[PDB]
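*Asks:* Chains as they are written, first to last, in this note's numbering: chain A, 4 to 294; chain B, 25 to 264; chain C, 150 to 414; chain D, -12 to 197; chain E, 2 to 212; chain F, 416 to 651; chain G, 2 to 224; chain H, 1330 to 1631. Idealized CB from N, CA, C, for every residue including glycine. One structure coming up, written as structure tokens, with questions to follow.
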Amino acid sequence: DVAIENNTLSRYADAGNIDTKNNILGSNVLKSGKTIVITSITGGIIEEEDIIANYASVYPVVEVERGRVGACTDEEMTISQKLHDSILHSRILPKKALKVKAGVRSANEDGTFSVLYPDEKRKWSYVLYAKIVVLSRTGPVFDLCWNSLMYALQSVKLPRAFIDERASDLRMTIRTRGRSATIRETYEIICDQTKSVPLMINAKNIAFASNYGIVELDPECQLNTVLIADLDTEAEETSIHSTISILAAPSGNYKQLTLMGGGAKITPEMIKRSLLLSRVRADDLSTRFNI
Amino acid sequence: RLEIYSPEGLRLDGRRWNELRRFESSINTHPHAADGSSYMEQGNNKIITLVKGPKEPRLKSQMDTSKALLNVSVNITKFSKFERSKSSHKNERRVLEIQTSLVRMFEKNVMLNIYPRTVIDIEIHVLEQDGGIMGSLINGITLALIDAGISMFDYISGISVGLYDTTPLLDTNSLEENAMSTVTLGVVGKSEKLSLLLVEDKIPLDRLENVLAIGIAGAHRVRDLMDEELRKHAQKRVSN
Amino acid sequence: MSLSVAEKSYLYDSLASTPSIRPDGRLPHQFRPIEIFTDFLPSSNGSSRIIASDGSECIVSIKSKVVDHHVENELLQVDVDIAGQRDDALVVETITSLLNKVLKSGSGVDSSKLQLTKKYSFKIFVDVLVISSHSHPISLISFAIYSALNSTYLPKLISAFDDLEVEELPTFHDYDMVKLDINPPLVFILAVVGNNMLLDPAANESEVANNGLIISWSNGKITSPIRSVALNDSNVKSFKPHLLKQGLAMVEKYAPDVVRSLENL
Amino acid sequence: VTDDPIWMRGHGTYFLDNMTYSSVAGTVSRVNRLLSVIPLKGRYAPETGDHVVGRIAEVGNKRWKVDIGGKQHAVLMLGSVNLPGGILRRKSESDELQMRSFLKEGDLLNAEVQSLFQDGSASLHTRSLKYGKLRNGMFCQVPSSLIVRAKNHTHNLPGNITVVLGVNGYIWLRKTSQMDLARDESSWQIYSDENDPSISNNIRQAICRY
Amino acid sequence: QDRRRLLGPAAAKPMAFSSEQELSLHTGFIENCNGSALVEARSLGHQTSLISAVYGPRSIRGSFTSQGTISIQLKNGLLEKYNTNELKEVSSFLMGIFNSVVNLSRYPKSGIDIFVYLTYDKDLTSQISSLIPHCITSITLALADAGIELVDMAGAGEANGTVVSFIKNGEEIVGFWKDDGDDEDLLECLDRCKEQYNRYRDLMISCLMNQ
Amino acid sequence: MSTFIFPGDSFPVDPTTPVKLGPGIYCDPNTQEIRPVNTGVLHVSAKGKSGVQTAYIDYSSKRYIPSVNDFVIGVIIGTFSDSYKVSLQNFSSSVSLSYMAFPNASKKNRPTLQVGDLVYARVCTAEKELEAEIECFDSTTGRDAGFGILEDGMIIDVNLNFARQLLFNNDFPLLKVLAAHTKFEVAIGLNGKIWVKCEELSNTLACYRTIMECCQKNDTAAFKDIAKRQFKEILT
Amino acid sequence: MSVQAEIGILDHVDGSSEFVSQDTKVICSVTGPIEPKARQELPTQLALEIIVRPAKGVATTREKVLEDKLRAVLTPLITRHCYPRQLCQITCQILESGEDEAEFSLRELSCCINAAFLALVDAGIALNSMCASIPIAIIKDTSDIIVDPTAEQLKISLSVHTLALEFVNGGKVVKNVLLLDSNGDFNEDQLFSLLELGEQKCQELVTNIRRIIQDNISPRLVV
Amino acid sequence: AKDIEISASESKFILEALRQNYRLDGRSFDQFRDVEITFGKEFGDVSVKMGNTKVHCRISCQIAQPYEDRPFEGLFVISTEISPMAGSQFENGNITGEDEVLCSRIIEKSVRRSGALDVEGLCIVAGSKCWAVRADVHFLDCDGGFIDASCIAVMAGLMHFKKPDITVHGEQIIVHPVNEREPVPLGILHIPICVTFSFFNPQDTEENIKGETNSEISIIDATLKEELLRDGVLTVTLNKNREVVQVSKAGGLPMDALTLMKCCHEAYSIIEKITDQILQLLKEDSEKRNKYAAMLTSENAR
């Protein structure tokens, strides 16, 4: 079972507190079994259909804790990249959405300051990260990371962003000890979170994951083909070599199925049952947290 | 910008075309926790060396029946330039490159044969550089190993030549380094056989003899200071 | 450990009794012979070589830049680097923290001897190389920073900059230097072996001590940072309030003499 | 150094032909039968008949590796060791454990050079009841060339402390105990840990001054 | 980018910006770990939750060690930002307390891996001084749950950015920290923190009493 | 029966008819049916010429796996008290050699060897679970057979298929060609190494160069031309 | 062209191959069975440590995700119990992707899997079955399946799918599906279409690789 | 990492083969193996094969920030990261990395320090935007010849390479496709080609060092066994203009200046030959790329 608490960690958890030591865009805590996944989604600022290159990706770090003093292990890195990959191919975040514009922040000599809004020279896009840490992994964790990510993403708001009059003629005098190009223009753009407009997102492309196993039972080897849904213990992670990972979305659209047929027999009959289980689980989670 | 030389034989330091820089050295700068040590000044290149060991390592893989393992660590601190080094240098190719060069070269100069199941660590801490630094580091090593009682065949002596077309200028500073092609060379003993020749810049092949020949003389000149320094020190500690 | 089992008990007995005699044989108020050598880099603002009696050596070097201070909340950066340790072992970075906090602005050290007009501060880049360690470095580093920061010469301002002088970068006199006066803390280390509180442990003492207390002297008084430390892992014990109050009392008495002898060479 | 083909054949030289060009720093002087370059200073060099004070670096399944301050470590092994509980008893098989119980890493002990091998390595032995662990004292240390080189240099001094002084520069200074008191012993205390409670004030101060 | 982890666009830069407490304890709530504790502290000032997990006794064979050792990772919160060095200092501080409280002699060839997760700290209104009672409360609970030997329960107060840790009913001190407190706070703080330690002592004992 | 086989195919005899197993036939450890696993030519023997047929696949390799009654050249890459440790072909698992593996050697008749001597030996024990052992003394023949310690010579690395094919067919004409052009000494290992030595430097080298050249091209007509051209080259 | 394969090209390594699929070009080596590292000693099992290194720039996190995908497929292909306590390092260097590396991995992956099979055939390490893998896309313009797509066709994809199947009893009976990685949007009627087509298109590829190994092996091994 | 264990007899044999004036390959001491250059179907893919030694280089460019010290130059970064397809003594990126550094450093010393690739002109916008050119050198087979082969792989790779035609307006760079407009080739200032002399002692070090005799066996273009077995090395790099671009000498057998310069002179003939070979091979591949480009010329006569 899956239990989430949202906005217990995000900057924007309250309306009467905006504190500058916080910047967490969207956030979720999700507990399943004993395995607990804490998701924080965080921005940055980079000055710049159905085609894959118009959808953007989160650039996550997924950190897993299994008693390893490090945090740069081969198990966690493969997770993080595969996770970037899933988000690309599921097509959630169109690049128009991070493509924001800036208004004007003009200080007055009237002892007031006016930060002027456009309707929300140069251009900018944001980037999105996710710092996901995992405490006491007991089985396949991938689907937990994906479930929490979505509740977070649908809680993401983005700061507003502003620039001064004659931004294109503001100076940089930061570089020194050249050799030319030690005085130039630059653009400089602060972000202000006194207003934050909420993330524009493609709902249809939200998925929620599950995990499967295919395994055989033999009566003389505890001296046909059997389907397990989801994996929770060490024993299941170790020896259920034939497994299917599905991300199913809750209209009968699927954004990834990955079958790894590590040795045992798979008839497609098992595959055909799992694609239905996964959408019905998707429909359960959906209605359960109204997100 | 600036003169590098004139027909009147001057520089902006004021050296002559076969004149050396200020060579100052003194030995035993850590005689309470390092087996040999020496301080090397050439110009403002301020180099301290310590030799720690011969000692057995406490890891079996570093033990070697046939000769000692030699480790040369070149540490370059953040105040060797005029400004604060923003970068990490103790994990850079430029420095590993110097390391791989000094170790392979001193590995043959030093007899490691007479120190089996040993590890030697040469620890070279730069305090300032003002260029001509690649030949200066060799020289500091040479005085450290002879002080530590680590046997050797010869003194390797490092010296730099900057060629200002046909005009070879013995010893170098920051201006000379950055304004023409520099050669760096080492000779072992009073031999004409070169241990180390390192060139980073276009030096013509037709003039290749002119820069080395003056440098092999120029090297002999450095080596007699090293002996003089050392015997002035050894005489002191055999009177008492 | 690197000592004997027999050696550690002899020491424990020696030190823990009323006289508290030890391989130097000092009463608890006395300090080993240190040597201050300064000003050896013409390239730096100030520099310091300190050789101690255990053969520990720290070299401390002072470099600078002048910077706008309204985009900064740090003025003094310590970088510690210990020969034979890397740039991220636990002890190295913990030493960096301690030292940065000792030298933290408006806390036992000036943040108005480092400013030349009220918009421009000099960011002092403390860069510390430990040449050999085999005993704790922090006390010796503290002492080296003192002599350094009183040998720190800075550029003298060309002319009295205002903050509305012309609203361009401050620009220095070509040759003329200003002496930097500034009184940094002095870190003093006290050691507890039984109920006996002793100033300045040697290496040997550090290896049998229950705990020590790091405390600092700034400006004619004791002040924060205060920190306890355990100077082994394997001869460790706990201690009483009264012994902590006697170590206060001891520094208050014996610190001033030391600062005045160290100040003038 | 020389072009003579009969001299300079020994330590601190090398040659091409007979022409010998030194190899170390030091003086030329006749040691043994050969005019030879002799080091100015260097690492401690063992020899047969020396008696040295030194400590355990490693404990193995067949030997201790001993730090004498040399170019490598010296070896001390099971046919070469007296043991508390008898004279050789309390130990019926080789195990790395049984070795380790008597002598821990860092323990200090006075041991004599049994044969010097050409490796560098020196086979040591403890075999008297005076030899074995040094206990009740304080450590001191010097350069090994600013003490006299003799076969023994271990003696009583006034105030009734005994110095135990090897050839290697390591110095233990302890209160006069039975083994050093019997010249003017022990047999269960040879490598057993024991610090006497009967070390007193004036005893300790004598050792700090000494 | 990097070879060990994905770091996205690298010319990209962060966003620029615009007893008085209740400790309620929990343990034994997540599994893949020998024992775990949870400490949430609420105060006027700030609310905080700290997770700890302790892994091992682990064997570290291929070498014999005189006795065991303790290794402390602090992990930067997901809503608190600190310098790596401060985390090192505090790790070093806590190790030296734990060195004194955990008994280490029943366990040869031991390394213990302690993780301190400083997850949530939130202000409704240094900073690192304030969370030291909470770190010490958490970790002790965890060593107790796992079955790691301890001299006394370790626990501390914070009076005026000054942290004093005691064992044995306020009688002995196992550590002292003062950072940016006022000169001569000594009596007020020790009196005030004793109260705090005796108060959280019994709370930890009562958490351990539900199991 | 002498036909090309692939992995993932049916066996071309019945499993019902008794067969002894040889290289490259695996028996499933659940299914208890035998199947090929290598890509090569499969041979099956016919009863009345054997007692029971032995079946095997000839497959090229370049990496040697220990089998018993095989003859192998190794280099001694470690000195240990009771045994020496051999590497037959580089980068691979230890192969051990008893002290007493040599003719007329006992514990009062111990050898003195060193790293970097070449040995020539029989595999006399082979496991995958434990280490393979070589003896340089043939226990079956009871005479070592000129097994022993090689010295001098030059080791040519070869192909495994080439090496077995030269050893197990004496109609292979490479050494017939070479015997005209010099007199030489030959030792053939099955670990993908073959040793050769003549009396003179020129003569050894020509053998080294030729077997190598021949081995690459690995063609039957090539072999004649290569010898004749190379053995002229070394005397030109 | 379509596909080309060669084996034996590299000479210093236990086995090797060059797989080219149009623009996409992967050269492979299997090294081993060789002496295990202690961290990669497994008791009854051969160890696999796979490395995928891209042509452009330097290997990152992406190639570990690929390593996992490759490792999945390869663990029942190579007879694990054939060598206990030995390691095999399979090093797959991409000489041209000829596409965009982060975005599409469809051709890259399929090619590696095939070059790994061949290299292992040359190596002599036991192989239970024949494996090949084919790349399958769906383009948005017709909103339909295009088998074995080019670089251009990949750009205009809405979705992309690789399948790998284990080939027994004449290399023509599908035993099992060792991979089916279907990324982008699909619904079920497409997916069983991708199996069906997939089957026949794999079996052709198996024929072509089968043929290649015979022809190249046969002048080497002679009687 | 795990290294190749050769015998004592091998060590003796290869020296004696040099002493009696032959080689294993049937070469001469001064004979360099024929390098064949196989240009790709893309710009900057070069397969470089010298006998069994097989190396590849693929070139990539990207938009990148200049560095703080000199923002008026671009970036050349050389990855000569090596994976086991030649042995097992090279594994897992860096794991020892001595050879990585040396090959990488010499190739930088050749192309960036001296010039052999224009760097001034890599600034699209000074102090903002530049090209970063990355050479990723990957060996697939090795039979010695390491530096020599790598260098040729860097320069042929760079010469065949081409980069997006760019138009700037302000600081906005319109990047143009390589079918849209024709991509622009890099600037080349010189042609460094290396020749690595591997030096073998017939004596021992002690007799060598205060002797003055020259009887040292000078060979180039070592085999794998030779690479391991060499007592010393001189890596010297020249361009086809009689100038020495870089020299790396640092350990191994010492040598008189005359003998070093001898080496240089021999290499000077051998590098015109490789340079020539490279020129005419480039041309004939270029002719096939030029076959309708010749038709569609816009440089025509009046």
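Across which residues does DSSP place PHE486(F) in a beta bridge pair?
*Replies:* As a first step, residue 486(F) is located in the sixth sequence; it is residue number 71 there, counting from the start. Beta-bridge pairing links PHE486(F) to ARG537(F).
*Asks:* Tell me whether the beta-carbon of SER554(F) lies closer than 8 Å to the beta-carbon of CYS539(F).
*Replies:* On the sixth sequence, residue 554(F) is found 139 positions in, with the first residue counted as 1. On the sixth sequence, residue 539(F) is found 124 positions in, with the first residue counted as 1. In this structure, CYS539(F) lies closer than 8 Å to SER554(F) by Cβ.
*Asks:* Using the Cβ count rule (16 or more neighbours within 10 Å means buried), how would you classify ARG291(A)?
*Replies:* Counting from 1 along the first sequence, the entry for residue 291(A) is found at position 288. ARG291(A) is exposed by the Cβ-count criterion.
*Asks:* When Cβ atoms are compared, which residues of the region 1579 to 1590 of chain H fall closer than 9 Å to chain B?
*Replies:* Hits within the stretch, in order: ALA1579, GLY1580, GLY1581, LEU1582, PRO1583, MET1584, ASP1585, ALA1586, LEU1587, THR1588, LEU1589, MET1590.
*Asks:* Which residue comes first and which comes last in the beta strand (DSSP E) that contains residue 345(A)?
*Replies:* Beyond the ends of chain A as shown, which are 4 and 294, falls residue 345(A); an answer cannot be given.
*Asks:* Between the Cα of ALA137(D) and the Cα atoms of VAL11(D), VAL39(D), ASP4(D), which residue gives the shortest distance?
*Replies:* Working through the fourth sequence from its first residue, we reach residue 137(D) at position 150. Residue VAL39(D) is the option with its Cα nearest to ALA137(D).
*Asks:* At what residues does the alpha helix (DSSP H) containing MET399(C) begin and finish?
*Replies:* Along the third sequence, one-based indexing puts residue 399(C) at 250. Here the alpha helix (DSSP H) through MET399(C) covers 390 to 412.
*Asks:* Could you name the residues of chain C that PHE106(B) contacts, counting a contact when the two beta carbons are closer than 8 Å?
*Replies:* Looking up residue 106(B) in the second sequence gives position 82. Near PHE106(B) (Cβ distances below 8 Å), the residues of chain C are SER192.
*Asks:* From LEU26(E) to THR141(E), what distance separates their C-alpha atoms?
*Replies:* On the fifth sequence, position 25 is the one that residue 26(E) refers to. On the fifth sequence, position 140 is the one that residue 141(E) refers to. Each residue's Cα considered, the two are about 12 Å apart.
*Asks:* Which residues in chain B have a C-beta closer than 8 Å to the C-beta of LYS386(C)? List them in chain order.
*Replies:* Mapped onto the third sequence, residue 386(C) falls at position 237. Those do not exist, as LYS386(C) stays about 30 Å from chain B at its closest Cβ, beyond 8 Å.
*Asks:* What do you get for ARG170(D), buried or exposed, if any count of 16 or more other CB atoms within 10 angstroms of its CB means buried?
*Replies:* As a first step, residue 170(D) is located in the fourth sequence; it is residue number 183 there, counting from the start. That one is exposed.
*Asks:* Does the beta-carbon distance from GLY1516(H) to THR1382(H) come in below 8 Å?
*Replies:* Translated into the one-based positions of the eighth sequence, residue 1516(H) becomes position 187. Translated into the one-based positions of the eighth sequence, residue 1382(H) becomes position 53. For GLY1516(H) and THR1382(H), no; Cβs fall outside 8 Å.
*Asks:* Establish whether the CB of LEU74(B) and some CB of chain D are separated by less than 8 Å.
*Replies:* For this step, residue 74(B) is matched to residue 50 along the second sequence. No, because no Cβ of chain D sits closer than 8 Å to the Cβ of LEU74(B).
*Asks:* Could you name the residues of chain G that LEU260(A) contacts, counting a contact when the two beta carbons are closer than 9 Å?
*Replies:* Reading the first sequence from its first residue, position 257 is the one you call residue 260(A). Here the neighbours are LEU181, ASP182, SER183, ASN184, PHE187, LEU192.
*Asks:* Please report the distance separating the alpha-carbon of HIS596(F) from that of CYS630(F).
*Replies:* The residue given as residue 596(F) occupies position 181 in the sixth sequence. The residue given as residue 630(F) occupies position 215 in the sixth sequence. Taking the straight line joining both Cα atoms gives about 18 Å.
*Asks:* Pairing CB atoms from the region 1428 to 1436 of chain H with CB atoms from the region 113 to 133 of chain B, are three or more of them under 8 Å?
*Replies:* Flag = yes, the region 1428 to 1436 of chain H and the region 113 to 133 of chain B touch.
*Asks:* What is the residue span of the beta strand (DSSP E) that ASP473(F) lies within?
*Replies:* If you number the sixth sequence from 1, residue 473(F) lands on position 58. Unbroken beta strand (DSSP E) run through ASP473(F): 469 to 473.
*Asks:* With DSSP run on the structure shown, which of helix, strand or coil describes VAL119(B)?
*Replies:* The residue labelled residue 119(B) in the question sits at position 95 within the second sequence. Three-state DSSP puts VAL119(B) in a helix.
*Asks:* For a cutoff of 8 Å on Cβ pairs, would you count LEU136(B) as touching chain D?
*Replies:* In the second sequence, the residue the question calls residue 136(B) occupies position 112. It does not: the Cβ of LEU136(B) has no partner Cβ on chain D nearer than 8 Å.
*Asks:* For chain F, find out if any of its Cβ atoms is closer than 8 Å to the Cβ of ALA133(G); answer yes or no.
*Replies:* By 1-based counting over the seventh sequence, the position of residue 133(G) is 132. Not closer than 8 Å to any Cβ of chain F, the Cβ of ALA133(G) fails to qualify, so no.
*Asks:* Between the Cα of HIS13(G) and those of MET1488(H), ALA1337(H), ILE1343(H), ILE1333(H), spot the shortest distance and give me the residue it belongs to.
*Replies:* Start at 1 with the first residue of the seventh sequence, and residue 13(G) comes out as number 12. For the residues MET1488(H), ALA1337(H), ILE1343(H), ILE1333(H), the minimum Cα distance to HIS13(G) belongs to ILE1333(H).
*Asks:* Taking only three categories from DSSP, how would you classify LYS462(F)?
*Replies:* In the sixth sequence, counting from the first residue as 1, residue 462(F) sits at position 47. It is coil, neither helix nor strand.
*Asks:* Measure the alpha-carbon distance for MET135(B) versus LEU3(D) and round it to whole angstroms.
*Replies:* As a working note, residue 135(B) is residue 111 in the second sequence. As a working note, residue 3(D) is residue 16 in the fourth sequence. About 15 Å.
*Asks:* Check this for me: beta carbons of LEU252(C) and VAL277(C), under 8 Å apart or not?
*Replies:* Reading the third sequence from its first residue, position 103 is the one you call residue 252(C). Reading the third sequence from its first residue, position 128 is the one you call residue 277(C). Not in contact: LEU252(C) and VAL277(C) (Cβ atoms no closer than 8 Å).
*Asks:* Starting from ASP88(A), follow the alpha helix (DSSP H) in both directions and report where the run begins and ends.
*Replies:* On the first sequence, position 85 is the one that residue 88(A) refers to. Looking at the DSSP string, the run of the alpha helix (DSSP H) that includes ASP88(A) is 77 to 93.
*Asks:* Taking all protein chains shown into account, decide if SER169(C) is buried (16 or more other Cβ within 10 angstroms of its Cβ) or exposed.
*Replies:* The count along the third sequence starts at 1 and reaches residue 169(C) at position 20. It is buried - the Cβ of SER169(C) has at least 16 other Cβ atoms within 10 Å.
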